[PDB]
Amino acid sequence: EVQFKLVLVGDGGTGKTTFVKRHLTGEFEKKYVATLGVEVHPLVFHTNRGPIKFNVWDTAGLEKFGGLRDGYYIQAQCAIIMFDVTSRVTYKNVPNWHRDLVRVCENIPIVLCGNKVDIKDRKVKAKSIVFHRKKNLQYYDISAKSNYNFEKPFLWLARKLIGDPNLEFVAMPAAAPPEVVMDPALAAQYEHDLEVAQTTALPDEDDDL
C-alpha cells in the first residue's frame, strides 16, 4: 500500500465534500454544509497493482472559511480542481485556484472536474471549457449525484502516481460473512429501530434506482 496526498480545490458549493463523501461512504449528501478550513479523509482503491491510498485534503472554497488556504497545498502529490457547470463564476475562478495551487505544487498531476452535469440547465458549455489544454490538466464532466464519471478523476491520478497506464480498479475477494444468533435481550430494541426506519421515506423515489 502506497499513500499520496491529494488536494481538492474550487469555489464554495461546487461539490468537493459531496464528491469525497460519495467515494468514502457511498452516500449522497443533499445539504450544503460549507467546509471550515480543510477536512482530511483517507480513501483507498483496490487496483490490479495492489491497493492505493489517497490522503484527501478537502479544502474550503468560501473565502471567509478559507483557513490556511495555500498552506493546505504543501507536499500535495496530486490535485482535483472542481467547478460547477451550472455556475459560470465557478469556471471563471478555475484559473485563480490553479494559480494558487501550482505556485506551491509545481509538477503534480491535476484533474479539472466540471460537476453537476446531471442538472438539465447547464451554464458552462463544453465549447467554453479549454483552460486545461495549455495547463496539461486532465478534464472530466462528473456528477457526484448521478455518479457520471465519478471514478475517473481517481483512476487517472492512480495511473499517473503509480506510472502504469494500464492500471484498473478491481474487486477484492469477499470473505465469507459470519452466521450469528439475534440477541434475545435486544429483540424489543430492534422492533423499535425498525418501526422508525419503515416510517421514514427513502429519498429520491423518482430515480431509476
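Start at 1 and count along the sequence shown; that's the residue number.
K.L.:
Of 130-138 and 116-124, which one has the bigger average CA B-factor?
P.N.:
It is 116-124 that shows the higher mean C-alpha B-factor.
K.L.:
If you average the CA temperature factors over each stretch, which comes out higher, 163-171 or 54-62?
P.N.:
Of 54-62 and 163-171, the stretch with the higher C-alpha B-factor average is 163-171.
K.L.:
Ranked by Cα temperature factor within the chain, is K21 in the lowest third, the middle third or the highest third?
P.N.:
CA B-factor rank for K21: middle third.
K.L.:
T47: which third of its chain by C-alpha temperature factor?
P.N.:
Answer is highest: the recorded C-alpha B-factor places it there.
K.L.:
If you rank the chain by CA B-factor, which third does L36 end up in: lowest, middle or highest?
P.N.:
Ranked within chain, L36 CA B lands in the middle tercile.
K.L.:
Lowest, middle or highest third: which one holds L68 when the chain's residues are ordered by CA B-factor from the entry?
P.N.:
Middle third by C-alpha B-factor.
K.L.:
Taking the entry's C-alpha B-factors for this chain, is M182 in the lowest, middle or highest third?
P.N.:
Tercile = highest for this residue's CA B-factor.
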